[PDB]
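Each answer follows from the model by the rule given with it, or from the source it names; these are not laboratory values. Note: ideal-geometry Cβ built from the backbone for every residue, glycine included; neighbour counts use all protein chains shown.
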Amino acid sequence: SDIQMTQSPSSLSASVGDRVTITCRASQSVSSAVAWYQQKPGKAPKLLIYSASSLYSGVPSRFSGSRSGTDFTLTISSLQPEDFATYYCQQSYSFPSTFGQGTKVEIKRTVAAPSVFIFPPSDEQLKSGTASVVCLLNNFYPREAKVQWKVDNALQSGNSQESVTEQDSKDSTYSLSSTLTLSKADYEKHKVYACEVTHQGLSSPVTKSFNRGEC
Amino acid sequence: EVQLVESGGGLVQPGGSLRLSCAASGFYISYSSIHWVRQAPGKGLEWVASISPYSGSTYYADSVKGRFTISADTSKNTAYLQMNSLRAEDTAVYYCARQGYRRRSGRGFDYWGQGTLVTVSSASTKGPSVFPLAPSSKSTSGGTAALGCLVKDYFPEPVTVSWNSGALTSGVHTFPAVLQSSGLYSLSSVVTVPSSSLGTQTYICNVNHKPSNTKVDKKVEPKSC
RNA sequence: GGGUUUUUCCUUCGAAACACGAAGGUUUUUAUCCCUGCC
RNA sequence: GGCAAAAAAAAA
């Protein structure tokens with residue numbers, strides 16, 4: 001007889017000043033013994049609402065919760081950039097206790113074009129027989145943006161790893177790391193190392209590069 | 001002023017055992033319910049145990065009964081979690097939480113530790129080799145330009161990078177570690193500044209991998225001529 | 001029907017989900033208790 | 001009308 005919490009949705013995205021609503025439905029009765037948390041990436045969670053609807057001492061007024069039988073909503077009257085987080089609902093009606101799968105609220109802001117960078121693999125790393133040229137996209141929006149690697153105009157595939165920060169808490173911009181990993185052979189073998197990115201701050205795709213030796 | 005500080009996690013091998021502890025400061029653990037809540041990497045939170053006051057009664061998630069066991073020491077104002085028969089499924093960040101005061105917040109959890117990461121793996125630890133990423137120019141450098149440290153090949157998470165020992169925070173971006181086919185982690189930390197102050201200031205990153213027990217500071221420079 | 005004597009469920013509170021405590025509540029079961037004498 | 005009686009245990 002374990003109670004299960006069903007949060008909706010898994011993710012959502014609204015502009016600043018938009019109104020956003022999360023809901024959790026309970027398998028069975030939990031009274032108003034429901035709490036809601038905010039979790040920003042990596043840090044611990046924070047209490048927003050206790051007792052299904054009461055507002056915890058210190059939280060902004062724009063967060064509220066209500067209960068309709070077994071239907072719990074959590075509503076953020078005005079979205080603000082500080083509010084990109086992941087929200088969880090918790091029932092503490094009986095043991096064991098149950099959370100939701102979690103709702104990840106992203107934020108909508110105007111398109112911001114990445115400033116692109118390329119780095120030659122430091123030769124201390126060529127001291128070790130491996131190559132790590134690496135490409136960078138700083139402070140941009142939206143998240144979806146595509147990097148292509150070229151080597152002597154030869155398009156490359158299946159050898160590069162991308163990593164992207166969480167959305168910024170102030171201006172809600174993203175940042176991405178494309179790292180191409182290769183050997184010491186293939187680095188001093190070819191000459192030019194192109195990195196082209198296609199994004200919506202770009203009329204045409206932008207490419208940055210260098211040559212080997214001439215650094 | 002209230003604060004919970006968990007510790008004791010790390011890398012442990014399957015079948016192995018750990019003990020976490022939770023050091024309370026700011027309030028006495030005997031008068032609230034203390035719970036442990038774990039969170040898998042990138043997945044959601046999961047209640048694990050709790051002990052309620054005065055009675056000292058405990059309760060456990062179905063996931064961990066038989067294996068896990070929560071105790072409290074009211075003198076050391078510490079709550080503990082002994083973990084036996086550890087399995088790969090148990091790899092997570094572990095939080096201890098205080099249940100707030102009944103009038104002040106019902107059954108809500110009002111203060112949380114910052115969490116201690118437990119890695120269940122057969123692998124053995126390796127510290128990173130860290131390589132600088134230099135701002136590359138073949139002409140004059142009067143703009144804003146970026147630079148950073150590459151942190152390659154280590155296990156397990158986490159590493160902690162700090163530019164100039166915490167002096168540099170504006171425009172710093174430490175990327176999440178991605179896991180290479182090698183089975184080791186590797187990430188990049190970047191910081192932006194106007195190059196107008198490049199030649200006068202120094203750019204060292206403070207990397208630190210306590211699993212491997214490594215602390216390295218590389219010193220980021222420009223390239224050829 | 002009205003009770004006596006024991007139980008429980010619930011409610012508010014005690015730093016308090018259970019356990020312990022305080023102050024309260026209005027119901028109902030057992031033909032498995034009493035409804036008897038006196039001006 | 002005025003008194004006096006009597007009396008075991010369960011459940012929400």
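Would the range A:125-145 turn up any residue that is in a helix (DSSP H, G or I), without any contact (Cβ under 8 Å) to a residue 40 or more places away in the chain, surrounded by 19 or more Cβ atoms within 10 Å (Cβ to Cβ) and in contact with a strand residue (DSSP E or B) (Cβ under 7 Å, 6 or more places away or on another chain)? Looking for residues that are in a helix (DSSP H, G or I), without any contact (Cβ under 8 Å) to a residue 40 or more places away in the chain, surrounded by 19 or more Cβ atoms within 10 Å (Cβ to Cβ) and in contact with a strand residue (DSSP E or B) (Cβ under 7 Å, 6 or more places away or on another chain), one finds at least one in the range A:125-145, hence yes.
Here's the yes/no breakdown for (1) touching a residue at least 60 places away in the same chain (Cβ under 8 Å); (2) at the interface with chain B (Cβ under 10 Å from one of its Cβ atoms); (3) away from RNA strand C (no atom under 16 Å from the Cβ); (4) assigned to a strand (DSSP E or B):
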position: A:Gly65; (1), (2), (3), (4): no, no, yes, yes
position: A:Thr75; (1), (2), (3), (4): no, no, yes, yes
position: A:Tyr87; (1), (2), (3), (4): yes, no, yes, yes
position: A:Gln90; (1), (2), (3), (4): yes, yes, no, yes
position: A:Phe95; (1), (2), (3), (4): no, yes, no, no
position: A:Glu106; (1), (2), (3), (4): yes, no, yes, yes
position: A:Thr110; (1), (2), (3), (4): no, no, yes, no
position: A:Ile118; (1), (2), (3), (4): yes, yes, yes, yes
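Annotation note: of B:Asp153, B:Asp217, the sole residue that is more than 23 Å from A:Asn159 (Cβ to Cβ) and among the acidic types (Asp, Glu) is B:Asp217. In the range B:175-194, which residue that is farther than 17 Å from A:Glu162 by Cβ and of a type in the set (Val, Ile, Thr) is nearest to the chain's Cα centre (by Cα)? Filtering first and then ranking leaves B:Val191. Taking the criterion of being touching a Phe, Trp or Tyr at 6+ places or on another chain (Cβ under 6 Å) and farther than 14 Å from A:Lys208 by Cβ, the only residue of the range A:176-195 that qualifies is A:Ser177.
Residues that are assigned to a loop (DSSP other than H, G, I, E, B) and facing chain A (nearest Cβ under 9 Å) within the range B:166-186 comprise B:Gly171, B:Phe175, B:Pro176, B:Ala177, B:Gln180, listed in sequence order. Among the residues of the range A:79-105 satisfying the criterion of being more than 18 Å from B:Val48 (Cβ to Cβ) and β-branched (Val, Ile, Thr), which is surrounded by the most Cβ atoms within 10 Å (Cβ to Cβ)? Ranking the qualifying residues of the range A:79-105, first place goes to A:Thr103. For the range A:48-63, residues that are over 25 Å from the mean Cα position of the chain (by Cα), part of a strand (DSSP E or B) and away from RNA strand C (no atom under 15 Å from the Cβ) total 1. The number of residues in the range B:209-220 being closer than 20 Å to A:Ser122 by Cα and in contact with a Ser or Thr (Cβ under 8 Å, 6 or more places away or on another chain) comes to 1.
With the structure loaded, tell me whether A:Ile22 is at the interface with chain B (Cβ under 10 Å from one of its Cβ atoms) and in a strand (DSSP E or B) or whether it fails that test.
Working: at the interface with chain B (Cβ under 10 Å from one of its Cβ atoms): no; in a strand (DSSP E or B): yes.
When the stated conditions are applied, A:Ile22 does not pass them.
On the basis of being in the same structural domain as B:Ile34 (by CATH), out of contact with any helix residue (DSSP H, G or I) (no Cβ under 8 Å at 6 or more places or on another chain), surrounded by 22 or more Cβ atoms within 10 Å (Cβ to Cβ) and within 30 Å of B:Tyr80 (Cβ to Cβ), does B:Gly113 make the cut? Against the criterion (in the same structural domain as B:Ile34 (by CATH), out of contact with any helix residue (DSSP H, G or I) (no Cβ under 8 Å at 6 or more places or on another chain), surrounded by 22 or more Cβ atoms within 10 Å (Cβ to Cβ) and within 30 Å of B:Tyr80 (Cβ to Cβ)), B:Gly113 qualifies.
Look at (1) touching a residue at least 24 places away in the same chain (Cβ under 8 Å); (2) within 16 Å of RNA strand C (Cβ to nearest atom); (3) at the interface with chain A (Cβ under 10 Å from one of its Cβ atoms) and you find that B:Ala61 fails only one, number (1).
In this entry, B:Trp36 passes the filter for residues that are within 14 Å of RNA strand C (Cβ to nearest atom), touching a residue at least 60 places away in the same chain (Cβ under 8 Å) and in contact with a strand residue (DSSP E or B) (Cβ under 9 Å, 6 or more places away or on another chain). Residues that are more than 24 Å from the chain's Cα centre (by Cα) and either surrounded by fewer than 13 Cβ atoms within 10 Å (Cβ to Cβ) or under 24 Å from A:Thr110 (Cβ atoms) (or both) within the range A:193-207 comprise A:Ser203, A:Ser204, listed in sequence order. Which number in (1) more than 13 Å from every other protein chain (Cβ to nearest Cβ); (2) of a type outside the set (A, V, I, L, M); (3) more than 13 Å from A:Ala131 (Cα to Cα) marks the one condition that A:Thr165 misses? It is condition (1) that A:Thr165 fails. Filtered by the rule that a residue be touching a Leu at 6+ places or on another chain (Cβ under 9 Å), part of a loop (DSSP other than H, G, I, E, B) and at the interface with another protein chain (Cβ under 7 Å from one of its Cβ atoms), the range B:101-132 gives B:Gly108, B:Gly113, B:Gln114. Filtered by the rule that a residue be away from RNA strand C (no atom under 16 Å from the Cβ), on the phi > 0 side of the Ramachandran plot and in contact with a strand residue (DSSP E or B) (Cβ under 8 Å, 6 or more places away or on another chain), the range B:81-127 gives a lone residue, B:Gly115. Taking every residue in the range B:170-185 that is surrounded by fewer than 15 Cβ atoms within 10 Å (Cβ to Cβ) and pairing it with any residue that is in a loop (DSSP other than H, G, I, E, B) and not β-branched (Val, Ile, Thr), at least 6 positions away or on another chain, the pairs with Cβ-Cβ distances below 7 Å are B:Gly183/B:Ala123.
Given the structure, is B:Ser30 among the hydroxyl-bearing types (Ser, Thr, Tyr) and within 14 Å of RNA strand C (Cβ to nearest atom)? Judged against the criteria, B:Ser30 is a match.
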